[PDB]
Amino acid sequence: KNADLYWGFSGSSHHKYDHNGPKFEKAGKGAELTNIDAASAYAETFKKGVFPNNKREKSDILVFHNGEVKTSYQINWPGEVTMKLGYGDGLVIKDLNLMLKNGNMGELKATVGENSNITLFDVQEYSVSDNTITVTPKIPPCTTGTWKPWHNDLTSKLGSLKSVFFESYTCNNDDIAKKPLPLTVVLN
């Protein structure tokens, strides 16, 4: 009848000072910012993320309610949220669309600002246990040069300087923390 999506966005969205990573506000249409202690289905995925050294004590997680599932899986959520990057004006992220196929392909797309069909990340793999899907993003190894752990659609929409929150030249802990966290989808 529905699906709930749980996502911490990135480890860098959990800095002690919220200007230092993506910050979310004004969740609506089924999206909700929820304290991790009240989003237990995401507890184990959240604990395995790469977080900045100066990490927030109590974290909120994005939870998107009332998703529509077509079962391969095709899931769409009506939720919308505002993402602020540093001192910038907010950008609305909405129309989250997750496609999953053959256990090892698919992608999470969204409308970001005025641009629709923006792939946020490709899927490396996913598994289903009971009524829960665990979705792992496809992230290149951080080796040398420019490291880009999110899809090019996202950073090309954001531009060079807002993409500082989504890419790095170096492989330091706080840069690795910028990568997308995995998703937990609970089917009801």
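We number the residues from 1 along the sequence you see.
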Deposited residues missing from the model between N102 and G103 number none
Between 22-30 and 140-148, the record assigns the higher mean Cα B factor to 140-148
As the entry reports it, the stretch among 31-39 and 126-134 with higher mean C-alpha B factor is 126-134
Per the deposited entry, the peak Cα B-factor within the set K58, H65, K162, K55 goes to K58
Tertile call for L183 (CA temperature factor, within chain, third-based) is the middle
Among the modelled residues of its chain, the C-alpha B-factor of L120 falls in the third labelled lowest
By the entry's values, the third containing the CA B factor of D89 is the middle
Temperature factor at the Cα of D95, chain-ranked in thirds, falls in the middle
